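Trainee: One file: query_37.pdb (PDB, N, CA and C atoms).
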```
ATOM      1  N   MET C   1      85.879 116.559  88.514
ATOM      2  CA  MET C   1      86.029 117.928  87.976
ATOM      3  C   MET C   1      86.343 118.890  89.140
ATOM      4  N   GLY C   2      87.594 119.379  89.199
ATOM      5  CA  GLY C   2      88.042 120.252  90.288
ATOM      6  C   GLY C   2      89.552 120.441  90.284
ATOM      7  N   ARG C   3      90.106 120.843  91.443
ATOM      8  CA  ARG C   3      91.553 121.095  91.603
ATOM      9  C   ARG C   3      92.369 119.790  91.518
ATOM     10  N   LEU C   4      93.617 119.908  91.038
ATOM     11  CA  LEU C   4      94.627 118.841  91.140
ATOM     12  C   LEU C   4      95.765 119.325  92.051
ATOM     13  N   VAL C   5      95.911 118.681  93.216
ATOM     14  CA  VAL C   5      96.981 118.993  94.176
ATOM     15  C   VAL C   5      98.093 117.944  94.058
ATOM     16  N   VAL C   6      99.296 118.398  93.687
ATOM     17  CA  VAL C   6     100.489 117.559  93.618
ATOM     18  C   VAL C   6     101.222 117.652  94.959
ATOM     19  N   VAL C   7     101.256 116.559  95.710
ATOM     20  CA  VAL C   7     101.916 116.520  97.019
ATOM     21  C   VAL C   7     103.284 115.848  96.866
ATOM     22  N   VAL C   8     104.332 116.528  97.325
ATOM     23  CA  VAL C   8     105.724 116.057  97.226
ATOM     24  C   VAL C   8     106.331 116.040  98.624
ATOM     25  N   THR C   9     107.343 115.199  98.828
ATOM     26  CA  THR C   9     108.055 115.123 100.113
ATOM     27  C   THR C   9     109.381 115.904 100.085
ATOM     28  N   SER C  10     109.724 116.499  98.931
ATOM     29  CA  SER C  10     111.037 117.132  98.723
ATOM     30  C   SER C  10     110.887 118.454  97.956
ATOM     31  N   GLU C  11     111.647 119.486  98.398
ATOM     32  CA  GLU C  11     111.677 120.832  97.775
ATOM     33  C   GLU C  11     112.117 120.747  96.308
ATOM     34  N   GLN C  12     113.073 119.827  96.037
ATOM     35  CA  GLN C  12     113.584 119.570  94.684
ATOM     36  C   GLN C  12     112.442 119.117  93.732
ATOM     37  N   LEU C  13     111.536 118.252  94.246
ATOM     38  CA  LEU C  13     110.378 117.748  93.489
ATOM     39  C   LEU C  13     109.325 118.855  93.310
ATOM     40  N   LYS C  14     109.183 119.712  94.344
ATOM     41  CA  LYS C  14     108.187 120.794  94.355
ATOM     42  C   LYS C  14     108.467 121.813  93.240
ATOM     43  N   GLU C  15     109.685 122.388  93.283
ATOM     44  CA  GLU C  15     110.127 123.444  92.357
ATOM     45  C   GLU C  15     110.183 122.923  90.906
ATOM     46  N   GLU C  16     110.382 121.594  90.767
ATOM     47  CA  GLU C  16     110.334 120.892  89.479
ATOM     48  C   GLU C  16     108.913 120.977  88.888
ATOM     49  N   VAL C  17     107.933 120.396  89.615
ATOM     50  CA  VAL C  17     106.523 120.330  89.176
ATOM     51  C   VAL C  17     105.919 121.735  88.944
ATOM     52  N   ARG C  18     106.283 122.703  89.807
ATOM     53  CA  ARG C  18     105.772 124.083  89.709
ATOM     54  C   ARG C  18     106.312 124.814  88.464
ATOM     55  N   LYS C  19     107.548 124.469  88.053
ATOM     56  CA  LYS C  19     108.198 125.058  86.868
ATOM     57  C   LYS C  19     107.601 124.457  85.581
ATOM     58  N   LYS C  20     107.435 123.122  85.591
ATOM     59  CA  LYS C  20     106.897 122.363  84.448
ATOM     60  C   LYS C  20     105.412 122.683  84.237
ATOM     61  N   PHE C  21     104.683 122.815  85.360
ATOM     62  CA  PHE C  21     103.226 123.018  85.366
ATOM     63  C   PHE C  21     102.862 124.123  86.370
ATOM     64  N   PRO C  22     102.803 125.414  85.930
ATOM     65  CA  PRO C  22     102.238 126.516  86.760
ATOM     66  C   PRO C  22     100.692 126.426  86.869
ATOM     67  N   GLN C  23     100.100 125.484  86.109
ATOM     68  CA  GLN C  23      98.646 125.260  86.045
ATOM     69  C   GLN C  23      98.119 124.344  87.180
ATOM     70  N   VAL C  24      99.018 123.732  87.975
ATOM     71  CA  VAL C  24      98.631 122.926  89.165
ATOM     72  C   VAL C  24      99.166 123.575  90.453
ATOM     73  N   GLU C  25      98.571 123.213  91.598
ATOM     74  CA  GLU C  25      99.055 123.646  92.936
ATOM     75  C   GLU C  25      99.817 122.492  93.609
ATOM     76  N   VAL C  26     100.935 122.799  94.299
ATOM     77  CA  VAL C  26     101.813 121.775  94.907
ATOM     78  C   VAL C  26     101.966 122.009  96.425
ATOM     79  N   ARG C  27     101.830 120.922  97.214
ATOM     80  CA  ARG C  27     102.026 120.931  98.675
ATOM     81  C   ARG C  27     103.344 120.223  99.029
ATOM     82  N   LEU C  28     104.117 120.822  99.940
ATOM     83  CA  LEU C  28     105.376 120.246 100.441
ATOM     84  C   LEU C  28     105.140 119.568 101.803
ATOM     85  N   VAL C  29     105.655 118.335 101.946
ATOM     86  CA  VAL C  29     105.574 117.553 103.186
ATOM     87  C   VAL C  29     106.990 117.186 103.653
ATOM     88  N   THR C  30     107.477 117.892 104.686
ATOM     89  CA  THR C  30     108.798 117.618 105.287
ATOM     90  C   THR C  30     108.638 116.685 106.502
ATOM     91  N   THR C  31     107.528 116.874 107.229
ATOM     92  CA  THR C  31     107.119 116.029 108.363
ATOM     93  C   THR C  31     105.671 115.571 108.123
ATOM     94  N   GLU C  32     105.193 114.597 108.925
ATOM     95  CA  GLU C  32     103.791 114.124 108.852
ATOM     96  C   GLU C  32     102.809 115.243 109.246
ATOM     97  N   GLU C  33     103.281 116.237 110.031
ATOM     98  CA  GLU C  33     102.470 117.408 110.403
ATOM     99  C   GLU C  33     101.985 118.161 109.147
ATOM    100  N   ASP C  34     102.854 118.211 108.122
ATOM    101  CA  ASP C  34     102.537 118.804 106.812
ATOM    102  C   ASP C  34     101.570 117.909 106.020
ATOM    103  N   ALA C  35     101.726 116.574 106.169
ATOM    104  CA  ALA C  35     100.825 115.581 105.546
ATOM    105  C   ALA C  35      99.400 115.696 106.122
ATOM    106  N   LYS C  36      99.309 116.038 107.426
ATOM    107  CA  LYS C  36      98.028 116.326 108.092
ATOM    108  C   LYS C  36      97.416 117.625 107.547
ATOM    109  N   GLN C  37      98.277 118.655 107.363
ATOM    110  CA  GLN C  37      97.888 119.920 106.712
ATOM    111  C   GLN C  37      97.361 119.654 105.283
ATOM    112  N   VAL C  38      97.919 118.618 104.603
ATOM    113  CA  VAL C  38      97.439 118.179 103.278
ATOM    114  C   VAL C  38      96.025 117.571 103.378
ATOM    115  N   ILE C  39      95.808 116.652 104.356
ATOM    116  CA  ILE C  39      94.488 115.995 104.580
ATOM    117  C   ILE C  39      93.361 117.047 104.729
ATOM    118  N   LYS C  40      93.665 118.114 105.492
ATOM    119  CA  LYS C  40      92.774 119.270 105.679
ATOM    120  C   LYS C  40      92.632 120.090 104.378
ATOM    121  N   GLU C  41      93.797 120.392 103.751
ATOM    122  CA  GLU C  41      93.906 121.264 102.561
ATOM    123  C   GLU C  41      92.978 120.781 101.437
ATOM    124  N   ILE C  42      93.080 119.465 101.177
ATOM    125  CA  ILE C  42      92.275 118.736 100.196
ATOM    126  C   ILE C  42      90.768 119.009 100.396
ATOM    127  N   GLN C  43      90.277 118.705 101.609
ATOM    128  CA  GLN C  43      88.835 118.730 101.928
ATOM    129  C   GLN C  43      88.274 120.163 101.887
ATOM    130  N   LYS C  44      89.092 121.133 102.352
ATOM    131  CA  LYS C  44      88.708 122.559 102.393
ATOM    132  C   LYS C  44      88.670 123.175 100.979
ATOM    133  N   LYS C  45      89.599 122.730 100.111
ATOM    134  CA  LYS C  45      89.658 123.152  98.694
ATOM    135  C   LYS C  45      88.662 122.335  97.839
ATOM    136  N   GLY C  46      88.191 121.195  98.379
ATOM    137  CA  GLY C  46      87.290 120.290  97.661
ATOM    138  C   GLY C  46      87.981 119.554  96.521
ATOM    139  N   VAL C  47      89.166 119.007  96.801
ATOM    140  CA  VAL C  47      90.006 118.331  95.805
ATOM    141  C   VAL C  47      89.651 116.841  95.758
ATOM    142  N   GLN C  48      89.228 116.359  94.593
ATOM    143  CA  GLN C  48      88.896 114.935  94.389
ATOM    144  C   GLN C  48      90.128 114.155  93.909
ATOM    145  N   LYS C  49      91.008 114.829  93.149
ATOM    146  CA  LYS C  49      92.204 114.200  92.565
ATOM    147  C   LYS C  49      93.464 114.779  93.220
ATOM    148  N   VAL C  50      94.190 113.913  93.935
ATOM    149  CA  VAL C  50      95.383 114.280  94.712
ATOM    150  C   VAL C  50      96.531 113.353  94.322
ATOM    151  N   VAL C  51      97.617 113.944  93.821
ATOM    152  CA  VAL C  51      98.832 113.218  93.461
ATOM    153  C   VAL C  51      99.726 113.090  94.704
ATOM    154  N   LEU C  52     100.272 111.897  94.953
ATOM    155  CA  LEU C  52     101.270 111.679  96.011
ATOM    156  C   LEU C  52     102.591 111.196  95.359
ATOM    157  N   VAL C  53     103.518 112.155  95.145
ATOM    158  CA  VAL C  53     104.834 111.930  94.511
ATOM    159  C   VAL C  53     105.899 111.613  95.577
ATOM    160  N   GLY C  54     106.481 110.401  95.481
ATOM    161  CA  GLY C  54     107.609 109.974  96.312
ATOM    162  C   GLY C  54     107.324 109.957  97.808
ATOM    163  N   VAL C  55     106.064 109.669  98.180
ATOM    164  CA  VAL C  55     105.631 109.659  99.589
ATOM    165  C   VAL C  55     105.881 108.278 100.221
ATOM    166  N   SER C  56     105.793 108.216 101.553
ATOM    167  CA  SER C  56     105.840 106.949 102.301
ATOM    168  C   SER C  56     104.483 106.226 102.176
ATOM    169  N   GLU C  57     104.500 104.876 102.210
ATOM    170  CA  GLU C  57     103.284 104.041 102.058
ATOM    171  C   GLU C  57     102.305 104.268 103.225
ATOM    172  N   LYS C  58     102.859 104.479 104.430
ATOM    173  CA  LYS C  58     102.070 104.801 105.631
ATOM    174  C   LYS C  58     101.306 106.128 105.444
ATOM    175  N   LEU C  59     101.958 107.112 104.792
ATOM    176  CA  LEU C  59     101.353 108.428 104.496
ATOM    177  C   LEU C  59     100.386 108.331 103.301
ATOM    178  N   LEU C  60     100.701 107.423 102.356
ATOM    179  CA  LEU C  60      99.890 107.191 101.147
ATOM    180  C   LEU C  60      98.466 106.761 101.525
ATOM    181  N   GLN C  61      98.403 105.641 102.268
ATOM    182  CA  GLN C  61      97.155 105.009 102.703
ATOM    183  C   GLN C  61      96.408 105.906 103.708
ATOM    184  N   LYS C  62      97.171 106.727 104.447
ATOM    185  CA  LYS C  62      96.634 107.608 105.505
ATOM    186  C   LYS C  62      95.859 108.792 104.902
ATOM    187  N   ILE C  63      96.515 109.513 103.969
ATOM    188  CA  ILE C  63      95.897 110.624 103.219
ATOM    189  C   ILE C  63      94.696 110.093 102.383
ATOM    190  N   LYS C  64      94.870 108.882 101.803
ATOM    191  CA  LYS C  64      93.837 108.187 101.015
ATOM    192  C   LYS C  64      92.535 108.008 101.822
ATOM    193  N   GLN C  65      92.637 107.281 102.939
ATOM    194  CA  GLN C  65      91.470 106.879 103.742
ATOM    195  C   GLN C  65      90.827 108.083 104.465
ATOM    196  N   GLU C  66      91.658 108.912 105.126
ATOM    197  CA  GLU C  66      91.157 110.008 105.984
ATOM    198  C   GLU C  66      90.571 111.174 105.162
ATOM    199  N   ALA C  67      91.231 111.556 104.050
ATOM    200  CA  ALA C  67      90.713 112.627 103.168
ATOM    201  C   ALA C  67      89.573 112.106 102.266
ATOM    202  N   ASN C  68      89.559 110.767 102.024
ATOM    203  CA  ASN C  68      88.542 110.073 101.192
ATOM    204  C   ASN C  68      88.552 110.622  99.751
ATOM    205  N   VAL C  69      89.723 110.498  99.097
ATOM    206  CA  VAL C  69      89.972 111.068  97.748
ATOM    207  C   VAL C  69      90.769 110.105  96.864
ATOM    208  N   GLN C  70      90.773 110.398  95.553
ATOM    209  CA  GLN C  70      91.502 109.615  94.555
ATOM    210  C   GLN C  70      92.993 109.965  94.592
ATOM    211  N   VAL C  71      93.809 108.982  94.986
ATOM    212  CA  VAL C  71      95.259 109.140  95.137
ATOM    213  C   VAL C  71      95.985 108.609  93.893
ATOM    214  N   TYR C  72      96.873 109.447  93.328
ATOM    215  CA  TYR C  72      97.701 109.093  92.169
ATOM    216  C   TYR C  72      99.145 108.937  92.654
ATOM    217  N   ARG C  73      99.553 107.686  92.856
ATOM    218  CA  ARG C  73     100.850 107.350  93.450
ATOM    219  C   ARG C  73     101.930 107.436  92.368
ATOM    220  N   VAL C  74     102.731 108.505  92.427
ATOM    221  CA  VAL C  74     103.757 108.805  91.414
ATOM    222  C   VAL C  74     105.166 108.531  91.955
ATOM    223  N   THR C  75     105.966 107.797  91.153
ATOM    224  CA  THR C  75     107.370 107.466  91.464
ATOM    225  C   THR C  75     108.327 107.960  90.346
ATOM    226  N   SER C  76     107.758 108.459  89.227
ATOM    227  CA  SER C  76     108.531 108.993  88.075
ATOM    228  C   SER C  76     107.877 110.295  87.579
ATOM    229  N   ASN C  77     108.695 111.232  87.030
ATOM    230  CA  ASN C  77     108.205 112.535  86.496
ATOM    231  C   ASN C  77     107.064 112.323  85.491
ATOM    232  N   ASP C  78     107.266 111.342  84.591
ATOM    233  CA  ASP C  78     106.346 111.026  83.485
ATOM    234  C   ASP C  78     104.926 110.692  83.974
ATOM    235  N   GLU C  79     104.823 110.043  85.153
ATOM    236  CA  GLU C  79     103.526 109.662  85.747
ATOM    237  C   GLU C  79     102.737 110.914  86.141
ATOM    238  N   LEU C  80     103.434 111.826  86.852
ATOM    239  CA  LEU C  80     102.892 113.128  87.286
ATOM    240  C   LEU C  80     102.427 113.938  86.063
ATOM    241  N   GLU C  81     103.273 113.924  85.013
ATOM    242  CA  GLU C  81     103.047 114.654  83.760
ATOM    243  C   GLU C  81     101.711 114.247  83.113
ATOM    244  N   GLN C  82     101.402 112.938  83.146
ATOM    245  CA  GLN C  82     100.158 112.389  82.572
ATOM    246  C   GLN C  82      98.927 112.717  83.435
ATOM    247  N   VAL C  83      99.099 112.704  84.773
ATOM    248  CA  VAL C  83      98.011 113.034  85.716
ATOM    249  C   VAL C  83      97.588 114.512  85.577
ATOM    250  N   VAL C  84      98.573 115.396  85.311
ATOM    251  CA  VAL C  84      98.308 116.825  85.082
ATOM    252  C   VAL C  84      97.458 117.021  83.820
ATOM    253  N   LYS C  85      97.834 116.314  82.739
ATOM    254  CA  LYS C  85      97.137 116.396  81.439
ATOM    255  C   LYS C  85      95.711 115.806  81.510
ATOM    256  N   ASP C  86      95.487 114.882  82.468
ATOM    257  CA  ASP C  86      94.158 114.288  82.735
ATOM    258  C   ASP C  86      93.141 115.376  83.137
ATOM    259  N   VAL C  87      93.580 116.300  84.001
ATOM    260  CA  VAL C  87      92.747 117.421  84.476
ATOM    261  C   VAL C  87      92.791 118.591  83.473
ATOM    262  N   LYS C  88      93.971 118.801  82.883
ATOM    263  CA  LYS C  88      94.237 119.897  81.942
ATOM    264  C   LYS C  88      94.184 119.369  80.506
ATOM    265  N   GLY C  89      92.972 119.370  79.917
ATOM    266  CA  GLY C  89      92.752 118.862  78.558
ATOM    267  C   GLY C  89      93.552 119.622  77.515
ATOM    268  N   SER C  90      93.478 120.955  77.597
ATOM    269  CA  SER C  90      94.303 121.854  76.797
ATOM    270  C   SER C  90      95.622 122.112  77.543
ATOM    271  N   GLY C  91      96.569 121.183  77.348
ATOM    272  CA  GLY C  91      97.876 121.241  77.993
ATOM    273  C   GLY C  91      98.767 122.328  77.409
ATOM    274  N   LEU C  92      99.528 123.010  78.274
ATOM    275  CA  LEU C  92     100.388 124.149  77.880
ATOM    276  C   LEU C  92     101.862 123.718  77.734
ATOM    277  N   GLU C  93     102.088 122.399  77.640
ATOM    278  CA  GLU C  93     103.437 121.787  77.652
ATOM    279  C   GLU C  93     103.546 120.665  76.598
ATOM    280  N   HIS C  94     104.674 119.926  76.634
ATOM    281  CA  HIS C  94     104.892 118.719  75.817
ATOM    282  C   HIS C  94     105.615 117.650  76.673
ATOM    283  N   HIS C  95     104.850 116.637  77.138
ATOM    284  CA  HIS C  95     105.395 115.452  77.853
ATOM    285  C   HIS C  95     106.436 114.710  76.988
ATOM    286  N   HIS C  96     107.638 114.497  77.550
ATOM    287  CA  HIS C  96     108.739 113.774  76.873
ATOM    288  C   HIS C  96     108.466 112.249  76.783
ATOM    289  N   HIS C  97     108.701 111.673  75.587
ATOM    290  CA  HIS C  97     108.521 110.227  75.318
ATOM    291  C   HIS C  97     109.824 109.447  75.561
ATOM    292  N   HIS C  98     109.711 108.305  76.263
ATOM    293  CA  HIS C  98     110.844 107.397  76.561
ATOM    294  C   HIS C  98     110.685 106.085  75.766
ATOM    295  N   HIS C  99     111.792 105.335  75.619
ATOM    296  CA  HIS C  99     111.819 104.044  74.893
ATOM    297  C   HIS C  99     112.936 103.127  75.472
TER     298      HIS C  99
END
```
Here is the file; what I need is its structure written in the form of structure tokens.

Mentor:
Amino acid sequence: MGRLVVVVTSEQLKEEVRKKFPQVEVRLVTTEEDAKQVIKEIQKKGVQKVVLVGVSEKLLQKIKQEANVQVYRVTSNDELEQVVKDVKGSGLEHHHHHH
């Protein structure tokens, strides 16, 4: 029970998630220096649930172990969409269904 931080490696992914979900906070990682700023950001905000969208595996396991938090490894929009609804019971959107 707390904040959901969506961490992205690309501005295109950031502005996407922020438009779809103004109800979550998003961190941009262009270099590992920003990923370190994420490790700090998490602990200072007290974030238990942290999404890692399109990140490197070295950065995945690194943020995981050092921040000591639940990592949601996202490779598709739909995955992120479900993780947001996990924290946000009363969702303000409609997740698109695929087949």

Trainee: Looking at all atoms listed in the file, which of C:93, C:57, C:41, C:33 is the one that sits closest to residue 20 of chain C?

Mentor: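 Among C:93, C:57, C:41, C:33, it is C:93 that comes nearest to residue 20 of chain C.
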
Trainee: Select, from C:23, C:50, C:75, C:61, the residue with the minimum atom-to-atom distance to residue 88 of chain C, counting only N, CA and C atoms.

Mentor: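 Checking each of C:23, C:50, C:75, C:61 against residue 88 of chain C, counting only N, CA and C atoms, the winner is C:23.
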
Trainee: Would you mind reading off the distance between atom N of residue 92 of chain C and atom CA of residue 78 of chain C, one decimal, in Å?

Mentor: 14.7 Å

Trainee: To one decimal place, how far is atom CA of residue 73 of chain C from atom C of residue 17 of chain C in Å?

Mentor: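 About the pair atom CA of residue 73 of chain C and atom C of residue 17 of chain C: they are 15.9 Å apart.
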
Trainee: Per DSSP on the backbone, what are the alpha helix (DSSP H) residues of segment 2-39 of chain C, as number ranges by chain?

Mentor: C: 11-20, 32-39

Trainee: List the residues selected by the PyMOL selection byres (((chain C and resi 64 and name CA) around 12) and name CA) in the file shown, writing them as a ChimeraX atom specification.

Mentor: /C:35-36,38-39,42-43,48-52,55,57-63,65-73

Trainee: Between atom N of residue 29 of chain C and atom C of residue 83 of chain C, what distance in Å does the model show, to one decimal?

Mentor: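 Calculated distance between atom N of residue 29 of chain C and atom C of residue 83 of chain C is 18.6 Å.
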
Trainee: List, as JSON, numbers by chain, every residue that the PyMOL selection byres (((chain C and resi 87 and name CA) around 10) and name CA) selects in the file provided.

Mentor: {"C": [1, 2, 3, 4, 23, 24, 49, 82, 83, 84, 85, 86, 88, 89, 90, 91]}

Trainee: With distances taken over only N, CA and C atoms, which of C:6, C:74, C:97, C:45 is nearest to residue 26 of chain C?

Mentor: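 Using only N, CA and C atoms, residue 26 of chain C sits closest to C:6.
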
Trainee: When DSSP works through the backbone of this structure, what residues of chain C end up as strand (DSSP E), shown as a ChimeraX atom specification?

Mentor: /C:4-8,25-28,49-53,70-74

Trainee: Could you list, as a list in words, every residue within 8 Å of residue 9 of chain C, counting only N, CA and C atoms and ignoring same-chain residues fewer than 4 positions away?

Mentor: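 Near neighbours after the sequence-gap exclusion: residues 13, 14, 27, 28, 29, 30, 31, 52, 53, 54, 55 and 56 of chain C.
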
Trainee: Give me a file of those residues, with N, CA and C atoms, as a CSV table (one decimal), in the frame of the given file.

Mentor:
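New file selection.csv:
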```
chain,number,residue,atom,x,y,z
C,13,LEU,N,111.5,118.3,94.2
C,13,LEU,CA,110.4,117.7,93.5
C,13,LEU,C,109.3,118.9,93.3
C,14,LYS,N,109.2,119.7,94.3
C,14,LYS,CA,108.2,120.8,94.4
C,14,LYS,C,108.5,121.8,93.2
C,27,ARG,N,101.8,120.9,97.2
C,27,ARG,CA,102.0,120.9,98.7
C,27,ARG,C,103.3,120.2,99.0
C,28,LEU,N,104.1,120.8,99.9
C,28,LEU,CA,105.4,120.2,100.4
C,28,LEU,C,105.1,119.6,101.8
C,29,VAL,N,105.7,118.3,101.9
C,29,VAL,CA,105.6,117.6,103.2
C,29,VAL,C,107.0,117.2,103.7
C,30,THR,N,107.5,117.9,104.7
C,30,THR,CA,108.8,117.6,105.3
C,30,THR,C,108.6,116.7,106.5
C,31,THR,N,107.5,116.9,107.2
C,31,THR,CA,107.1,116.0,108.4
C,31,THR,C,105.7,115.6,108.1
C,52,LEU,N,100.3,111.9,95.0
C,52,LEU,CA,101.3,111.7,96.0
C,52,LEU,C,102.6,111.2,95.4
C,53,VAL,N,103.5,112.2,95.1
C,53,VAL,CA,104.8,111.9,94.5
C,53,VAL,C,105.9,111.6,95.6
C,54,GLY,N,106.5,110.4,95.5
C,54,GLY,CA,107.6,110.0,96.3
C,54,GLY,C,107.3,110.0,97.8
C,55,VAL,N,106.1,109.7,98.2
C,55,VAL,CA,105.6,109.7,99.6
C,55,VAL,C,105.9,108.3,100.2
C,56,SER,N,105.8,108.2,101.6
C,56,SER,CA,105.8,106.9,102.3
C,56,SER,C,104.5,106.2,102.2
```

Trainee: Reconstruct segment 2-15 of chain C at the level of N, CA, C and O atoms, and format the result as an mmCIF file, in the coordinates of the input.

Mentor:
```cif
data_model
loop_
_atom_site.group_PDB
_atom_site.id
_atom_site.type_symbol
_atom_site.label_atom_id
_atom_site.label_comp_id
_atom_site.auth_asym_id
_atom_site.auth_seq_id
_atom_site.Cartn_x
_atom_site.Cartn_y
_atom_site.Cartn_z
ATOM 1 N N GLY C 2 87.594 119.379 89.199
ATOM 2 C CA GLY C 2 88.042 120.252 90.288
ATOM 3 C C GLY C 2 89.552 120.441 90.284
ATOM 4 O O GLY C 2 90.206 120.230 89.254
ATOM 5 N N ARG C 3 90.106 120.843 91.443
ATOM 6 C CA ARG C 3 91.553 121.095 91.603
ATOM 7 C C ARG C 3 92.369 119.790 91.518
ATOM 8 O O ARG C 3 91.872 118.709 91.855
ATOM 9 N N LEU C 4 93.617 119.908 91.038
ATOM 10 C CA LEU C 4 94.627 118.841 91.140
ATOM 11 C C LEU C 4 95.765 119.325 92.051
ATOM 12 O O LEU C 4 96.473 120.279 91.707
ATOM 13 N N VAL C 5 95.911 118.681 93.216
ATOM 14 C CA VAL C 5 96.981 118.993 94.176
ATOM 15 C C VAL C 5 98.093 117.944 94.058
ATOM 16 O O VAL C 5 97.860 116.759 94.294
ATOM 17 N N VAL C 6 99.296 118.398 93.687
ATOM 18 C CA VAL C 6 100.489 117.559 93.618
ATOM 19 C C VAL C 6 101.222 117.652 94.959
ATOM 20 O O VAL C 6 101.714 118.710 95.320
ATOM 21 N N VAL C 7 101.256 116.559 95.710
ATOM 22 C CA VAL C 7 101.916 116.520 97.019
ATOM 23 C C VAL C 7 103.284 115.848 96.866
ATOM 24 O O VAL C 7 103.376 114.748 96.337
ATOM 25 N N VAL C 8 104.332 116.528 97.325
ATOM 26 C CA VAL C 8 105.724 116.057 97.226
ATOM 27 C C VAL C 8 106.331 116.040 98.624
ATOM 28 O O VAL C 8 105.887 116.784 99.506
ATOM 29 N N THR C 9 107.343 115.199 98.828
ATOM 30 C CA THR C 9 108.055 115.123 100.113
ATOM 31 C C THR C 9 109.381 115.904 100.085
ATOM 32 O O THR C 9 110.066 115.996 101.110
ATOM 33 N N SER C 10 109.724 116.499 98.931
ATOM 34 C CA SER C 10 111.037 117.132 98.723
ATOM 35 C C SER C 10 110.887 118.454 97.956
ATOM 36 O O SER C 10 110.106 118.526 97.000
ATOM 37 N N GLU C 11 111.647 119.486 98.398
ATOM 38 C CA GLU C 11 111.677 120.832 97.775
ATOM 39 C C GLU C 11 112.117 120.747 96.308
ATOM 40 O O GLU C 11 111.591 121.470 95.461
ATOM 41 N N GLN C 12 113.073 119.827 96.037
ATOM 42 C CA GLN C 12 113.584 119.570 94.684
ATOM 43 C C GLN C 12 112.442 119.117 93.732
ATOM 44 O O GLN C 12 112.376 119.565 92.585
ATOM 45 N N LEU C 13 111.536 118.252 94.246
ATOM 46 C CA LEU C 13 110.378 117.748 93.489
ATOM 47 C C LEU C 13 109.325 118.855 93.310
ATOM 48 O O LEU C 13 108.680 118.936 92.267
ATOM 49 N N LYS C 14 109.183 119.712 94.344
ATOM 50 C CA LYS C 14 108.187 120.794 94.355
ATOM 51 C C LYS C 14 108.467 121.813 93.240
ATOM 52 O O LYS C 14 107.628 122.021 92.362
ATOM 53 N N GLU C 15 109.685 122.388 93.283
ATOM 54 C CA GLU C 15 110.127 123.444 92.357
ATOM 55 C C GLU C 15 110.183 122.923 90.906
ATOM 56 O O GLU C 15 110.043 123.703 89.963
#
```
